[PDB]
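File shown: coords10.pdb. Contents: PDB, C-alpha atoms.
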```
ATOM      1  CA  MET A   1      -5.800 -10.583 -29.994  1.00  0.00           C
ATOM      2  CA  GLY A   2      -3.642  -7.472 -30.316  1.00  0.00           C
ATOM      3  CA  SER A   3      -1.495  -4.898 -28.532  1.00  0.00           C
ATOM      4  CA  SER A   4      -3.541  -1.868 -29.533  1.00  0.00           C
ATOM      5  CA  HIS A   5      -6.305  -1.877 -26.927  1.00  0.00           C
ATOM      6  CA  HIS A   6      -5.385   1.167 -24.843  1.00  0.00           C
ATOM      7  CA  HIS A   7      -6.207   3.902 -27.350  1.00  0.00           C
ATOM      8  CA  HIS A   8      -3.531   6.551 -27.857  1.00  0.00           C
ATOM      9  CA  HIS A   9      -6.280   9.172 -27.801  1.00  0.00           C
ATOM     10  CA  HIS A  10      -7.228   9.742 -24.166  1.00  0.00           C
ATOM     11  CA  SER A  11      -8.029  13.456 -24.341  1.00  0.00           C
ATOM     12  CA  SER A  12     -10.948  12.700 -22.024  1.00  0.00           C
ATOM     13  CA  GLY A  13     -10.143  13.477 -18.391  1.00  0.00           C
ATOM     14  CA  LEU A  14      -6.913  12.116 -16.914  1.00  0.00           C
ATOM     15  CA  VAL A  15      -7.478  10.420 -13.556  1.00  0.00           C
ATOM     16  CA  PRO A  16      -8.173   6.687 -14.101  1.00  0.00           C
ATOM     17  CA  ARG A  17      -6.422   6.053 -10.788  1.00  0.00           C
ATOM     18  CA  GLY A  18      -9.966   5.989  -9.428  1.00  0.00           C
ATOM     19  CA  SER A  19     -12.709   7.433 -11.627  1.00  0.00           C
ATOM     20  CA  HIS A  20     -15.655   5.084 -11.107  1.00  0.00           C
ATOM     21  CA  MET A  21     -16.073   3.043  -7.928  1.00  0.00           C
ATOM     22  CA  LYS A  22     -17.399  -0.283  -9.195  1.00  0.00           C
ATOM     23  CA  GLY A  23     -17.704  -0.418 -12.980  1.00  0.00           C
ATOM     24  CA  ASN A  24     -20.001   0.873 -15.718  1.00  0.00           C
ATOM     25  CA  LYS A  25     -18.424  -0.561 -18.863  1.00  0.00           C
ATOM     26  CA  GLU A  26     -21.801  -2.114 -19.638  1.00  0.00           C
ATOM     27  CA  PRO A  27     -25.286  -2.180 -18.001  1.00  0.00           C
ATOM     28  CA  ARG A  28     -26.336  -5.782 -18.577  1.00  0.00           C
ATOM     29  CA  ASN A  29     -26.219  -8.612 -21.118  1.00  0.00           C
ATOM     30  CA  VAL A  30     -27.053  -7.797 -24.734  1.00  0.00           C
ATOM     31  CA  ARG A  31     -30.813  -7.870 -25.268  1.00  0.00           C
ATOM     32  CA  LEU A  32     -32.566  -6.588 -28.386  1.00  0.00           C
ATOM     33  CA  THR A  33     -36.100  -5.185 -28.307  1.00  0.00           C
ATOM     34  CA  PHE A  34     -38.677  -3.847 -30.765  1.00  0.00           C
ATOM     35  CA  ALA A  35     -42.292  -2.725 -30.361  1.00  0.00           C
ATOM     36  CA  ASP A  36     -43.457  -5.990 -28.816  1.00  0.00           C
ATOM     37  CA  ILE A  37     -40.418  -8.159 -29.451  1.00  0.00           C
ATOM     38  CA  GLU A  38     -37.577  -9.320 -27.217  1.00  0.00           C
ATOM     39  CA  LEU A  39     -34.374 -11.211 -28.003  1.00  0.00           C
ATOM     40  CA  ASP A  40     -31.653 -12.373 -25.619  1.00  0.00           C
ATOM     41  CA  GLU A  41     -28.249 -12.997 -27.186  1.00  0.00           C
ATOM     42  CA  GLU A  42     -27.335 -14.687 -23.906  1.00  0.00           C
ATOM     43  CA  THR A  43     -30.130 -17.248 -23.656  1.00  0.00           C
ATOM     44  CA  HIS A  44     -30.782 -17.090 -27.400  1.00  0.00           C
ATOM     45  CA  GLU A  45     -34.498 -16.751 -26.700  1.00  0.00           C
ATOM     46  CA  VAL A  46     -37.333 -14.764 -28.266  1.00  0.00           C
ATOM     47  CA  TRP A  47     -40.402 -13.153 -26.703  1.00  0.00           C
ATOM     48  CA  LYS A  48     -43.351 -11.412 -28.365  1.00  0.00           C
ATOM     49  CA  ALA A  49     -46.186  -9.858 -26.345  1.00  0.00           C
ATOM     50  CA  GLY A  50     -46.231 -12.825 -23.956  1.00  0.00           C
ATOM     51  CA  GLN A  51     -45.658 -15.165 -26.904  1.00  0.00           C
ATOM     52  CA  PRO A  52     -42.298 -17.030 -26.847  1.00  0.00           C
ATOM     53  CA  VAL A  53     -41.063 -18.723 -30.009  1.00  0.00           C
ATOM     54  CA  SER A  54     -38.364 -21.369 -30.345  1.00  0.00           C
ATOM     55  CA  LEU A  55     -36.530 -20.223 -33.469  1.00  0.00           C
ATOM     56  CA  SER A  56     -33.396 -21.835 -34.873  1.00  0.00           C
ATOM     57  CA  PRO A  57     -30.018 -20.085 -35.339  1.00  0.00           C
ATOM     58  CA  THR A  58     -30.798 -19.205 -38.960  1.00  0.00           C
ATOM     59  CA  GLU A  59     -34.341 -17.998 -38.283  1.00  0.00           C
ATOM     60  CA  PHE A  60     -33.035 -16.119 -35.249  1.00  0.00           C
ATOM     61  CA  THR A  61     -30.371 -14.303 -37.259  1.00  0.00           C
ATOM     62  CA  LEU A  62     -33.047 -13.256 -39.746  1.00  0.00           C
ATOM     63  CA  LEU A  63     -35.319 -11.745 -37.097  1.00  0.00           C
ATOM     64  CA  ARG A  64     -32.332 -10.077 -35.429  1.00  0.00           C
ATOM     65  CA  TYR A  65     -31.204  -8.427 -38.670  1.00  0.00           C
ATOM     66  CA  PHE A  66     -34.750  -7.250 -39.361  1.00  0.00           C
ATOM     67  CA  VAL A  67     -34.816  -5.487 -36.002  1.00  0.00           C
ATOM     68  CA  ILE A  68     -31.355  -3.969 -36.447  1.00  0.00           C
ATOM     69  CA  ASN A  69     -32.513  -2.504 -39.763  1.00  0.00           C
ATOM     70  CA  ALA A  70     -36.120  -1.933 -38.686  1.00  0.00           C
ATOM     71  CA  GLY A  71     -37.615   0.775 -40.901  1.00  0.00           C
ATOM     72  CA  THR A  72     -35.420   0.098 -43.929  1.00  0.00           C
ATOM     73  CA  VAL A  73     -36.928  -1.759 -46.881  1.00  0.00           C
ATOM     74  CA  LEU A  74     -35.060  -5.041 -47.269  1.00  0.00           C
ATOM     75  CA  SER A  75     -34.679  -7.089 -50.438  1.00  0.00           C
ATOM     76  CA  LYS A  76     -35.170 -10.823 -50.910  1.00  0.00           C
ATOM     77  CA  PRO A  77     -31.742 -11.421 -52.550  1.00  0.00           C
ATOM     78  CA  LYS A  78     -29.987  -8.979 -50.222  1.00  0.00           C
ATOM     79  CA  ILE A  79     -31.394 -10.660 -47.121  1.00  0.00           C
ATOM     80  CA  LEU A  80     -30.198 -13.987 -48.506  1.00  0.00           C
ATOM     81  CA  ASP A  81     -26.607 -12.926 -49.177  1.00  0.00           C
ATOM     82  CA  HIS A  82     -26.663 -11.312 -45.733  1.00  0.00           C
ATOM     83  CA  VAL A  83     -27.684 -14.464 -43.867  1.00  0.00           C
ATOM     84  CA  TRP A  84     -26.540 -17.257 -46.185  1.00  0.00           C
ATOM     85  CA  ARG A  85     -23.196 -15.485 -45.794  1.00  0.00           C
ATOM     86  CA  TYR A  86     -22.609 -18.221 -43.227  1.00  0.00           C
ATOM     87  CA  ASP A  87     -23.567 -21.074 -45.540  1.00  0.00           C
ATOM     88  CA  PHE A  88     -23.877 -20.706 -49.305  1.00  0.00           C
ATOM     89  CA  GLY A  89     -26.274 -23.041 -51.110  1.00  0.00           C
ATOM     90  CA  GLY A  90     -29.820 -21.680 -51.057  1.00  0.00           C
ATOM     91  CA  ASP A  91     -31.755 -20.517 -54.109  1.00  0.00           C
ATOM     92  CA  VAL A  92     -34.108 -17.546 -53.935  1.00  0.00           C
ATOM     93  CA  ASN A  93     -37.094 -19.838 -53.361  1.00  0.00           C
ATOM     94  CA  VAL A  94     -35.685 -21.073 -50.057  1.00  0.00           C
ATOM     95  CA  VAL A  95     -36.112 -17.576 -48.646  1.00  0.00           C
ATOM     96  CA  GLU A  96     -39.776 -17.425 -49.628  1.00  0.00           C
ATOM     97  CA  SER A  97     -40.423 -20.689 -47.794  1.00  0.00           C
ATOM     98  CA  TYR A  98     -38.638 -19.436 -44.681  1.00  0.00           C
ATOM     99  CA  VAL A  99     -40.428 -16.088 -44.929  1.00  0.00           C
ATOM    100  CA  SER A 100     -43.828 -17.785 -45.124  1.00  0.00           C
ATOM    101  CA  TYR A 101     -43.071 -19.883 -42.047  1.00  0.00           C
ATOM    102  CA  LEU A 102     -41.684 -16.849 -40.240  1.00  0.00           C
ATOM    103  CA  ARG A 103     -44.847 -14.862 -40.916  1.00  0.00           C
ATOM    104  CA  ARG A 104     -46.910 -17.668 -39.399  1.00  0.00           C
ATOM    105  CA  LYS A 105     -44.610 -17.788 -36.366  1.00  0.00           C
ATOM    106  CA  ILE A 106     -44.429 -13.995 -35.997  1.00  0.00           C
ATOM    107  CA  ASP A 107     -47.737 -12.877 -37.485  1.00  0.00           C
ATOM    108  CA  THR A 108     -50.958 -13.402 -35.549  1.00  0.00           C
ATOM    109  CA  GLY A 109     -52.061 -10.170 -33.877  1.00  0.00           C
ATOM    110  CA  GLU A 110     -54.140  -7.476 -35.572  1.00  0.00           C
ATOM    111  CA  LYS A 111     -51.074  -5.227 -35.576  1.00  0.00           C
ATOM    112  CA  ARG A 112     -48.973  -5.811 -38.680  1.00  0.00           C
ATOM    113  CA  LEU A 113     -45.434  -4.624 -37.973  1.00  0.00           C
ATOM    114  CA  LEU A 114     -44.189  -6.384 -41.106  1.00  0.00           C
ATOM    115  CA  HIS A 115     -45.178  -4.713 -44.373  1.00  0.00           C
ATOM    116  CA  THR A 116     -44.802  -6.744 -47.554  1.00  0.00           C
ATOM    117  CA  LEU A 117     -43.853  -4.703 -50.612  1.00  0.00           C
ATOM    118  CA  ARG A 118     -44.403  -7.381 -53.256  1.00  0.00           C
ATOM    119  CA  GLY A 119     -41.936  -6.836 -56.099  1.00  0.00           C
ATOM    120  CA  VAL A 120     -39.431  -5.157 -53.783  1.00  0.00           C
ATOM    121  CA  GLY A 121     -39.273  -7.010 -50.464  1.00  0.00           C
ATOM    122  CA  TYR A 122     -40.387  -6.407 -46.879  1.00  0.00           C
ATOM    123  CA  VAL A 123     -40.145  -3.498 -44.457  1.00  0.00           C
ATOM    124  CA  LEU A 124     -40.384  -3.371 -40.669  1.00  0.00           C
ATOM    125  CA  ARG A 125     -42.523  -0.534 -39.314  1.00  0.00           C
ATOM    126  CA  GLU A 126     -44.858  -0.024 -36.361  1.00  0.00           C
ATOM    127  CA  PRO A 127     -48.553   0.760 -37.062  1.00  0.00           C
ATOM    128  CA  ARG A 128     -49.328   4.470 -37.363  1.00  0.00           C
TER     129      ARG A 128
END
```
Can the structure in the file be given as structure tokens, please?
Amino acid sequence: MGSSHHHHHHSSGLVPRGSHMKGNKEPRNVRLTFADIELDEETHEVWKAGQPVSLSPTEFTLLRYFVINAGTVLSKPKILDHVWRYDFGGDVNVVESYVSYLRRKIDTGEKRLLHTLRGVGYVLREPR
């Protein structure tokens, strides 16, 4: 809620009286994808190589963050503070439990897209 909106920097063109003809502000809903992973922020659903998984809000946020930062080595404590940022009250052992369950619900194929750097954390990366 504000009055800003209309930016005071419209050095781009100068004929909004028409411009488009229908609208192109956005293509379609917000859907995240990765290697063989699909997430719909609209239907809050997940899909992996023809393998759908019913994850909960928390577990969903975790997977989503992993994808957003896919390629960057994440840390156990960092990941916690990042997610638990919506509900404090979870030791560092709670993450391990969730991670183990996640692996079982996300790991299965011969292609390991989740590398575990024991002592540091985990990193998302496609098989090379």
Taking into account all atoms listed in the file, which residue in the set A:111, A:63, A:90, A:95 is nearest to residue 32 (chain A)? A:63
Which one of A:43, A:54, A:33, A:11 sits closest to residue 102 (chain A) if you count only C-alpha atoms?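 Closest candidate: A:54.
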Å distance separating CA of residue 74 (chain A) from CA of residue 120 (chain A), one decimal place: 7.8 Å
Result set of the PyMOL selection byres ((chain A and resi 58) around 12) on the coordinates above, as an MDAnalysis selection string: chainID A and resid 44 54:57 59:65 79:80 82:87 95 98:99 102
For a test of reading the model, state the distance in Å between CA of residue 49 (chain A) and CA of residue 125 (chain A), rounded to one decimal. 16.4 Å
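Here CA of residue 121 (chain A) stands at a distance of 10.4 Å from CA of residue 72 (chain A).
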Set the distance at 9 Å and use all atoms listed in the file: which residues neighbour residue 105 (chain A) once local chain neighbours fewer than 4 positions away are removed? I'd like the list as a list in words.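 Listing them by chain and then by number gives residues 53, 55, 100 and 101 of chain A.
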Looking at A:4, A:19, A:51, A:93, which one is nearest to residue 109 (chain A), with distances taken over all atoms listed in the file?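 So, comparing all the options, the nearest one is A:51.
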Evaluate the PyMOL selection byres ((chain A and resi 71) around 10) against this structure - the residues, as an NGL selection string, please. :A and (66-70 or 72-74 or 113-115 or 122-126)
